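# Opening with a subset of the complex:
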Amino acid sequence: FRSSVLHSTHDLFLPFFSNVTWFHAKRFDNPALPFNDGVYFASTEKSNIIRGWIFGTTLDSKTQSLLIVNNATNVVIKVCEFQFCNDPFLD
């Protein structure tokens, strides 16, 4: 906890006035975006569209993959050899 102080820190942050990509997906068949040592996700929806993300190296059963899904009452986070398709989505 800090108050009325000026603290200097050096870590992975989001640069100011940086050109960020705004996705409007609407269109399917969108390749996975790269993970360049941290990602900044932001959205202003109010219909519970985005409710999970996936993380991995090749997004297949060959390597490990992180599956994060947020439900209306709970959250499930599992690390397993998930075989991600070309367009993964929740039904």
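Ah, there it is. Numbers count the residues shown, from 1 in each chain, chains lettered A, B, ... in the order given.

# Does the spatially most central residue of chain A belong to a helix, a strand or coil?
Note on chain A: the residue nearest the mean C-alpha position is residue A:53, at 4.8 Å, using Cα atoms, centre = their mean. When the structure is reduced to helix, strand and coil (DSSP: H, G, I helix; E, B strand; the rest coil), residue A:53 reads as strand.

# Could you give the number of residues near the residue nearest to it when sequence neighbours are not counted?
Counting by Cβ to Cβ, 6 or more residues apart in numbering, residue A:53 lies nearest to residue A:68, which is 5.3 Å off, once chain neighbours are set aside. Backbone N, C-alpha and C define where each C-beta goes, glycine included. Around residue A:68 sit 13 other residues, with neighbours defined as other Cβ atoms under 10 Å.

# Next, residue A:68: secondary structure please.
At residue A:68, secondary structure determined by three-state DSSP is strand.

# Residue A:78 now?
When classified by three-state DSSP, residue A:78 comes out as strand.

# my guess is it meets residue A:67, correct?
Yes - using Cβ atoms under 8 Å as the test, residue A:78 is close enough to residue A:67 to be in contact (5.3 Å).

# The residue lying closest to residue A:62 once chain neighbours are set aside: neighbour count?
The spatially closest residue to residue A:62, leaving aside those adjacent along the chain, is residue A:81, at 7.7 Å (Cβ to Cβ, 6+ apart). For residue A:81, the tally of surrounding residues (other Cβ under 10 Å) stands at 11.

# show me the contacts for residue A:81.
Contacts of residue A:81 were listed using Cβ atoms under 8 Å, 6 or more residues apart in numbering, and they are A:61, A:62, A:63, A:64, A:65.

# a markdown table please, covering those residues and showing distance to residue A:30, secondary structure and neighbour count.
Formatted as a markdown table, the contacts of residue A:81 follow (distance: Cβ to Cβ, whole Å; DSSP: H, G, I helix; E, B strand; the rest coil; neighbours: other Cβ atoms under 10 Å):
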| residue | distance to residue A:30 | secondary structure | neighbour count |
| --- | --- | --- | --- |
| A:61 | 21 | coil | 12 |
| A:62 | 22 | coil | 11 |
| A:63 | 21 | coil | 10 |
| A:64 | 23 | coil | 13 |
| A:65 | 18 | strand | 20 |
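
# Residue A:25: which of those residues is nearest?
Using Cβ to Cβ, residue A:65 is the member of those that sits closest to residue A:25, with 20.9 Å.

# show me the contacts for that closest one.
Taking Cβ under 8 Å, 6+ apart as the definition, contacts of residue A:65 comprise A:54, A:55, A:56, A:57, A:59, A:79, A:80, A:81, A:82, A:84.

# add chain B to the structure above:
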Amino acid sequence: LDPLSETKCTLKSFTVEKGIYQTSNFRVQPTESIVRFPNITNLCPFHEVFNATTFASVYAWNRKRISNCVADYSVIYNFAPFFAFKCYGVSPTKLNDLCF
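To build on what is shown above, here is chain B added in:
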């Protein structure tokens, strides 16, 4: 004994001139009691890792998350004589007096 002897010891002499001539000491109020407040939990399942029949593979080492327990490392010393018990961040006799 008295401030005179104290300033004599400070000046390292039996004769002190007129005036303060030095700073005597600094007042520091000490403690009078102790206040310990650890957490209140159940016994830690240390038998799940030590009292095990067979471990996993080297490339498939299992990581067991430990939380909400009273880590009593004194039960580990009475086991078989270990080959190398080396801690790189603390002393082996200071784990019981610290939190994690």
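
# ok, the residue nearest to the centre of chain A touching residue A:41?
Yes - checked against Cβ under 8 Å, the pair residue A:53 and residue A:41 is within contact range at 7.5 Å.

# Which helix or which strand is home to residue B:6?
Secondary structure from DSSP states H and E places residue B:6 in helix B:3-11.

# And for residue A:8?
Secondary structure assigned from DSSP H and E places residue A:8 in neither a helix nor a strand.

# now swap in residue B:15 and tell me
With DSSP H and E as the criterion, the answer for residue B:15 is that it lies in no helix or strand.

# neighbours around it, how many?
By the other Cβ atoms under 10 Å in any protein chain shown criterion, the neighbourhood of residue B:15 contains 6 residues.

# Kindly report the same for residue B:11.
Number of residues near residue B:11 (other Cβ under 10 Å) recorded here: 13.

# which residues does it contact?
Applying Cβ atoms under 8 Å, 6 or more residues apart in numbering or on different chains, we find residue B:11 in contact with B:21, B:22.

# and stretch A:41-52, C-alpha only, in PDB?
Below are the C-alpha coordinates for stretch A:41-52, written out as PDB (Å, rounded to 0.1, in the frame of the first residue of the first chain):
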ATOM      1  CA  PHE A  41      -7.700  -7.000 -23.600                       C
ATOM      2  CA  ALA A  42     -10.600  -4.400 -23.300                       C
ATOM      3  CA  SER A  43     -14.200  -4.400 -24.300                       C
ATOM      4  CA  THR A  44     -17.400  -2.500 -23.500                       C
ATOM      5  CA  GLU A  45     -20.100  -5.000 -24.400                       C
ATOM      6  CA  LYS A  46     -23.200  -5.500 -22.200                       C
ATOM      7  CA  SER A  47     -24.600  -8.800 -23.600                       C
ATOM      8  CA  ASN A  48     -22.000 -11.300 -22.200                       C
ATOM      9  CA  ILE A  49     -20.500 -12.100 -25.600                       C
ATOM     10  CA  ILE A  50     -16.800 -12.500 -24.600                       C
ATOM     11  CA  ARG A  51     -16.700 -15.000 -21.700                       C
ATOM     12  CA  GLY A  52     -13.300 -16.800 -22.100                       C
END
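
# which residues touch that stretch?
Residues outside stretch A:41-52 that contact it (Cβ under 8 Å, 6+ apart): A:53, A:67, A:68, A:69, A:70, A:71, A:72, A:90.

# of these, closest to residue B:94?
Checking these against residue B:94 with Cβ to Cβ, the nearest one is residue A:68 at 37.9 Å.

# So for stretch A:62-73, first residue to last residue, what's the gap.
Chord length of stretch A:62-73, first to last residue, is 32 Å (Cα to Cα, to the nearest Å).

# let's put chain C on the structure above:
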Amino acid sequence: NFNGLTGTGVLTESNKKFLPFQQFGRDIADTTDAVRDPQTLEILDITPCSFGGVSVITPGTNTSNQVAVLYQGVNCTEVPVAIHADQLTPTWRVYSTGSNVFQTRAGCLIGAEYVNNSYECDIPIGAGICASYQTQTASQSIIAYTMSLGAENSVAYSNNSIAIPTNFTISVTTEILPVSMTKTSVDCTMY
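Okay, here's chain C dropped in alongside the others:
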């Protein structure tokens, strides 16, 4: 001792609003001055106890042995000594009463009798207050007083009056100024 953080401090129960993921708070010097109790969800600050410097005004040893005690930055009406045989012992000497306490802007002084008279500053203490060993109190002891800036004088200024001396006095003054010091040499391998 909450989570291994030992030391010396006094709990004050301030109104600091800590976040659920924050329990410890450090100052500019990275000294943890505020912690959260593990059991109770209240906020408690860690403030150091009574601290301050003490100076002993000592007169000439060949004259007398009575000395005074000065607590810099301490108020007389808050904590004069406030120990009973079970507190700090850096200075194993206690002066409780004796009509010798006096409150100054520099701190609490114990061992001097403040008088309304003004004399020349003998022993510098602070805040324009000085001490001296006077023998007009006859007993003799250390008294505290405000330094005298000089004798009060008033010039009879007038638009048609002038002062011209009729005689003079040849006065000689002495002034000593250092010119040189001791030249010393230091050997490296021998020291």
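
# Go back to the neighbour count of residue B:11, now with chain C?
Quick note: residue B:11 (other Cβ under 10 Å) scores 14 neighbours.

# now it: how far from residue B:20?
11 Å (Cβ to Cβ, to the nearest Å).

# Strands of the chain, start to end?
In the absence of a named chain, chain A is used. Taking DSSP state E as the criterion, chain A carries its strands at A:52-56, A:65-70, A:75-80.

# Chain B, not that one
Counting by DSSP E, chain B has strands at residues B:25-28, B:42-43, B:69-70.

# Neighbouring strands - and their directions - for the first one?
Each strand pairing with strand B:25-28, determined using DSSP bridges, is listed with its direction: strand C:51-57 (antiparallel).

# what does stretch B:34-54 contact?
Residues lying outside stretch B:34-54 but in contact with it, judged by Cβ under 8 Å, 6+ apart, are B:64, B:66, B:68-72, B:75-76, B:79, B:99, C:1-2, C:37-39.

# any idea how far chain B is from residue A:87?
With the distance defined as Cβ to the nearest Cβ, to the nearest Å, residue A:87 ends up 32 Å from chain B.

# so that residue sits right up against residue A:28, yeah?
Yes - taking contact to mean Cβ under 8 Å, the distance of 5.2 Å between residue A:87 and residue A:28 places them in contact.

# who touches the closest residue to residue B:30 other than its chain neighbours in this structure?
With Cβ to Cβ, 6 or more residues apart in numbering or on different chains as the criterion, residue B:30 has its nearest non-adjacent residue at 5.0 Å, and that residue is residue C:88. Taking Cβ under 8 Å, 6+ apart as the definition of contact, the neighbours of residue C:88 are B:27, B:28, B:29, B:30.

# Now, of those, which are buried?
Of the members of the contacts of residue C:88, the ones counted as buried by neighbours, 16 or more other Cβ atoms under 10 Å in any protein chain shown, are B:27, B:29.

# which one among the contacts of residue C:88 gets closest to residue C:62?
Nearest member of the contacts of residue C:88 to residue C:62, counting by Cβ to Cβ, is residue B:27, at 29.8 Å.

# The closest one and residue C:52 touch, don't they?
Yes - under the contact definition of Cβ under 8 Å, residue B:27 touches residue C:52, with a separation of 4.9 Å.

# any residues in contact with both of the two?
Taking Cβ under 8 Å, 6+ apart as the contact definition, residue B:27 and residue C:52 share the neighbouring residues C:71, C:74.

# near chain A, which residues of chain C show up?
Residues of chain C lying close to chain A (Cβ under 8 Å from any Cβ of the partner chain) are C:16, C:18, C:19, C:22, C:24, C:25, C:26, C:27, C:28, C:34.

# Select only the buried ones of the residues you listed in PyMOL?
Here the buried members of the residues of chain C next to chain A are turned into a PyMOL selection, burial being counted by 16+ other Cβ under 10 Å:
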select buried, chain C and resi 16+18+25+34
